[PDB]
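Structure first, then comments.
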Amino acid sequence: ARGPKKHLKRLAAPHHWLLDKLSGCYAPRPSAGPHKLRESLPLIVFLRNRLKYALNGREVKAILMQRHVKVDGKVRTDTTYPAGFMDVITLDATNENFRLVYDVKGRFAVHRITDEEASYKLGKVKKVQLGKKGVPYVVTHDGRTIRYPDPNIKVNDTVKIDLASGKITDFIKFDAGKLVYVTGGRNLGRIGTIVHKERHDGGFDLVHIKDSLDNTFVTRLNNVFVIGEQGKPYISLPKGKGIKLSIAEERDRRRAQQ
Amino acid sequence: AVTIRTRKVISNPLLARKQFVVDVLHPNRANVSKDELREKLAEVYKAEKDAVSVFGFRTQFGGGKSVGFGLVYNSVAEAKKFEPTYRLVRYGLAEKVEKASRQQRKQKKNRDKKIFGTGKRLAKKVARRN
Amino acid sequence: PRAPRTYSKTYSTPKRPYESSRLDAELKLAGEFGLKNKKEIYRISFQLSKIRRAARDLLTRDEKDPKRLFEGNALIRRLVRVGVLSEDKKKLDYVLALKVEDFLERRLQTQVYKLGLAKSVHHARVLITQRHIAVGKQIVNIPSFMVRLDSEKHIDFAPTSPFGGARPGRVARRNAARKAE
Amino acid sequence: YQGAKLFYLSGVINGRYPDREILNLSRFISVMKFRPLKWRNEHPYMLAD
RNA sequence: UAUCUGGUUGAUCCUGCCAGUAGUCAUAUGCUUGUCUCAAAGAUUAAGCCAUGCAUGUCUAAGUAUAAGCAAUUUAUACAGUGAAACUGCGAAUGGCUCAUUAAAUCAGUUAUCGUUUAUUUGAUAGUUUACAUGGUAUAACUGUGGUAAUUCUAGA
RNA sequence: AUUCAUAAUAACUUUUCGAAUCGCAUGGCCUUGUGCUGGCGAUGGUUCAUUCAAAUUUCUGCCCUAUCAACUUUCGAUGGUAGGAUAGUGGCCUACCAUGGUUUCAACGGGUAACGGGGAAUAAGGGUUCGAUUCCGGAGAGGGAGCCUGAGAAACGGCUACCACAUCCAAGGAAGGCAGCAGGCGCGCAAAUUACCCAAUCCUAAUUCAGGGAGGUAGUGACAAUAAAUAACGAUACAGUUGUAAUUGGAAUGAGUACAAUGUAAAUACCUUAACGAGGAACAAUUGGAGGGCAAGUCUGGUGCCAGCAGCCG
RNA sequence: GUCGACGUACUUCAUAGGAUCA
Ligand SMILES: [Mg+2]
Ligand SMILES: [Mg+2]
Ligand SMILES: [Mg+2]
Ligand SMILES: [Mg+2]
Ligand SMILES: [Mg+2]
Ligand SMILES: [Mg+2]
Ligand SMILES: [Mg+2]
Ligand SMILES: [Mg+2]
Ligand SMILES: [Mg+2]
Ligand SMILES: [Mg+2]
Ligand SMILES: [Mg+2]
Ligand SMILES: [Mg+2]
Ligand SMILES: [Mg+2]
Ligand SMILES: [Mg+2]
Ligand SMILES: [Mg+2]
Ligand SMILES: [Mg+2]
Ligand SMILES: [Mg+2]
Ligand SMILES: [Mg+2]
Ligand SMILES: [Mg+2]
Ligand SMILES: [Mg+2]
Ligand SMILES: [Mg+2]
Ligand SMILES: [Mg+2]
Ligand SMILES: [Mg+2]
Ligand SMILES: [Mg+2]
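Residue numbers (full-length UniProt numbering), protein chains in the order written: chain A, 2 to 259; chain B, 4 to 133; chain C, 2 to 182; chain D, 199 to 247.
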């Protein structure tokens, strides 16, 4: 190619979107934004294929141009805006608030939250550095640059950000025993507690996580997201609380409830 | 008789309407016209007939029942604002706009592309030349 | 371009079509069940071969294997639901004991014949293809329709059919009008 | 022969066929080539004008 | 190959041999072709040549309208609605097509940029340098005068 | 892990940036002035970070060939120093230096009906073959070469030259690139429509609105696949409890036709359905193979009347 | 030139043996 691409084939789209393979030939390409293309849920998919409020892309555009949708407290009018992990989506007309958190299966879930919980979000500190004029700042996983951070905040920590002011209200250090959420790999969507961080210089650090059922799994440090102390997450968790269940157990539960 | 049942009802204040799936039992009848379904749904939901849209009706194999989708807008103005133009044309709410075939418009576009400016100067120039 | 839509062959030619014993077996099957051609028999044989190969492969797995348990339970549940496998024979060994006749008996043609709605398998086929048979509230015109145990008790003449309480067919009212005139 | 071109004409207006199909027919004749036939290439003939 | 058929002599058995019978896929072709669902369309190693048409344009309350444009008017004597043409900005580097070259080249998995560019999106970020606001160092559309057989050609004022 | 982030000092610059822009609304102070102050947005703008990307890059992995054993190095081949150039590392190029680098663990040269992979087929397993072709990546726009613009192109539905073709011409000049969608030629022998639409999918723009042969819709050789009609129930008759019916009774139904409605952007079709639609049910199922029999008939041969060939023809 | 060698593609000849019976 001679420049950036602008089209996305349906078969090439992220699997977790759960798009019909025969509905069309193209899928919404997420516009540039806070979250990476493959880790993001464009607003069209959320409003149409998840909430079912809109029956087609044109109706999604009609909804957005009415300014009814806010992402992290700010109105967005782009159909393919890349909403992503820990993003608060507010619909005032419906009096509804959502937080985009993976379910255990590895797909963004329709998780409703309260207004108080919609006032803040969490962000993994991806970088900490001095800017111009010697003003320290932290860069989080959604591209937010926050100046004058608490000096104790280091990389891999999780900062609680207030959406109204975009200021750090609280922070959580990365340490053993902390409650974490897996945001990548085949263990995506699971919740557990750190046991041990294996450090390899010049390579990828691995973290061993123990879930509530005592199962243990190893994941790269890039996919880990601290969300609180054990049993006391800073956010309301989805149904199932991030616990993986074997196919037989899922069958048993499904038959029991049916 | 005919029985109309609305299922999977969703209230969409974003688009200011109510969506649902209309299941029509019509024993001893071929099928129900969209006009009659719109009138009956308007009577049920206490709305103007203009505010009711219905589409996508397929009669199940063997007859006797049909399934389609239905929308009930909060008032007529919102229906005119949000509804697709073609569906409005079906209901008579809007008049079909008459336009030339795509080939005619495309050829006219190319011919106009060949001209620069308003073209009146070219007209008077060719007139004086000949 | 749009994504491909999957397709598959529901039958296969047997290894040696010309075995005399095989020819006689196909003749008996077609005559007993009123099958139109050898394609239907090949189709049922292909399904049965697939089922039995799956069962054998599961049996090769050690007992208590999660894959064996899950897949074997699902397969036995399906076979019991369609009626091929009896309730008391819920094991993979009895899945290998199935035969084409078991599947053929479940066809809507044979069931319509057996229930007493038709005087022969061919009469049952004609009744089905002419839209006289309803499984529940749904008219079914496919002789190969495989009847489930629950569906077994709901086979009846369709409400729209002249035999099911509807008005007489075209011939009946035609002759009645000519007699009246 | 198999695949022979067959042209379809719908209606007559002002004693004339639709313009589009006649254009298709006119072009088809234009690019046409003719086989050498034994009889016509062995005898002189002429259609009186 | 297997199975089955037939021949091996004056005849019948038992061996052996011999001949024909297996296969889907691919190419070309022949005959037939009623209904429902569904779906593809290469090939002369000729990436050989193309008549004709179309396939890339785009304006919101929010850059520039005294169109001698339209319609409304005294909501508007600076303008104010809609708006051709042209300037300005963006896109045209995406999409679609073909497989010619290419044998550590491409490509697959896996690394690095402490080795560099990045329109756009998102978050931050600029009290330090006639102003009740400067020029043509200027033109388009437009008016008017023209050349050419001819082109999405254009010259002077 | 740094000469990193950042900061400080001395200067330097055809040297930048630090809003002379636009929409809607008319709030608060008073010394009552068209005075002071002030809201929600749009568009620009420096730098950093992020996102979409780009470029280069580390390790391992390609079919046939040894009757291809030495190759590279004069004209960069391997490396060092400095410079130039690039967005940047780098023999990428230049100047000066050394003589290096690859190879029987197959270099180099040659062949390829060689774009690579995900994949397809077969097979009991090992294997063998196929992959232009729905996704990913690369390369090209008749063949070489070179560029303007721009964040991004060595672009070709952009430009300039040359090579080959080729259109108009008043002969002075001018205009070209279907390996895009339709449709032609390449033979004298053949195969989809020069169709409708942006309604869905998504893309472009100043932008909800315009555009989109991208894409969808329909049409068109049985590509590859799924289901499945062409009759069912009886009586009578005839013939050697079996077979045969241009025999016969009244019931069933869709192929097709068609009010209508549904479908669709508009249509066609499907699913529904009034009214028509069956005995030769002529509403006329096909493709191959095997075996007969008949004459005042025809041909060939001979241990009589026979045998072979064969028989649309007497 | 019905030429030699080689390469390639084909054709062809070598199948009956034992036991019983007449
Ligand atoms: Mg690192
Ligand atoms: Mg009926
Ligand atoms: Mg044919
Ligand atoms: Mg027929
Ligand atoms: Mg039909
Ligand atoms: Mg005006
Ligand atoms: Mg411009
Ligand atoms: Mg080579
Ligand atoms: Mg390599
Ligand atoms: Mg832009
Ligand atoms: Mg910005
Ligand atoms: Mg001038
Ligand atoms: Mg250097
Ligand atoms: Mg040098
Ligand atoms: Mg290959
Ligand atoms: Mg090639
Ligand atoms: Mg390929
Ligand atoms: Mg290129
Ligand atoms: Mg060409
Ligand atoms: Mg080029
Ligand atoms: Mg072209
Ligand atoms: Mg192009
Ligand atoms: Mg073409
Ligand atoms: Mg603007």
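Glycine included, every Cβ here is placed at the ideal spot set by N, Cα and C.
Item	Value
For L44/A and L65/A, the rounded distance between their alpha carbons	9 Å
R256/A: contacting residues in chain C (beta-carbon distance under 7 Å)	Simply none; closest approach about 11 Å.
CB contact flag (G84/C, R126/C, <9 Å)	no
Three-state secondary structure assigned by DSSP to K154/C	coil
Interface flag, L18/B vs chain A, CB-CB below 9 Å	yes
Closer than 9 Å to chain C by CB, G232/A	no
Run of the alpha helix (DSSP H) containing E251/A, from where it starts to where it stops	248-258
Meets three-Cβ-pair contact criterion under 8 Å: the stretch 62-80 of chain B and the stretch 26-45 of chain B	yes
Inter-residue CB distance, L44/B and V75/B (contact presumed, cutoff 8 Å)	6 Å
For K133/A, the nearest candidate out of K125/A, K122/A, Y149/A, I162/A (CA to CA)	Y149/A
C-beta neighbour in chain C for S41/A, strict 9 Å	no
Proximity to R8/B [Cα-Cα], best of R108/B, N15/B, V24/B	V24/B
Proximity below 9 Å, CB of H142/A to CB of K125/A	yes
DSSP bridge partner residues for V57/B (one or two, in chain order)	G73/B
Residues of its chain near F60/B, where Cβ-Cβ distance is below 6 Å and the 5 sequence neighbours each way are ignored	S69, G71
Beta-carbon neighbours of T80/A, restricted to chain B and to distances below 7 Å	Under the 7 Å cutoff, chain B gives no residues; its nearest Cβ is about 14 Å from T80/A.
Where the beta strand (DSSP E) containing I192/A begins and where it ends	192-199
Residue environment, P15/A, which counts as buried when at least 16 other CB atoms sit within 10 Å	buried
One or two residues paired with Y27/A in a DSSP bridge	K10/A
Own chain partners of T11/C with C-beta closer than 6 Å, once the 5 adjacent residues on each side are dropped	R44
Identity of the residues DSSP links to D163/A by a beta bridge	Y121/A, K168/A
Among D38/B, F85/B, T6/B, the one whose alpha carbon lies nearest that of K21/B	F85/B
Test: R113/A CB closer than 9 Å to a CB of chain B	no
The stretch 20-29 of chain A contacting the stretch 43-60 of chain A, beta-carbon criterion three pairs below 8 Å	yes
Per-residue DSSP class, three states only, for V92/B	helix
Closer than 7 Å at the beta carbon, the chain B residues around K53/A	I13
Segment contact flag, the stretch 95-109 of chain C with the stretch 7-25 of chain C, C-beta cutoff 8 Å, min 3 pairs	no
Any 3 or more C-beta pairs closer than 8 Å across the stretch 27-42 of chain C and the stretch 100-115 of chain C	yes
Interfacial residues, the stretch 75-102 of chain C to chain A, with Cβ spacing under 7 Å	none
Cα-Cα separation between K179/A and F109/A, rounded to whole angstroms	23 Å
Buried or exposed (CB count within 10 angstroms, at least 16 for buried), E250/A	exposed
Exposure of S87/C, with buried meaning 16 or more beta-carbon neighbours within 10 Å	exposed
Residue-chain proximity (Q259/A, chain B), Cβ-Cβ < 9 Å	no
Helix, strand or coil at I140/C according to DSSP, with G and I counted as helix	strand
Chain B contact for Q131/C (CB, 9 Å cutoff)	no
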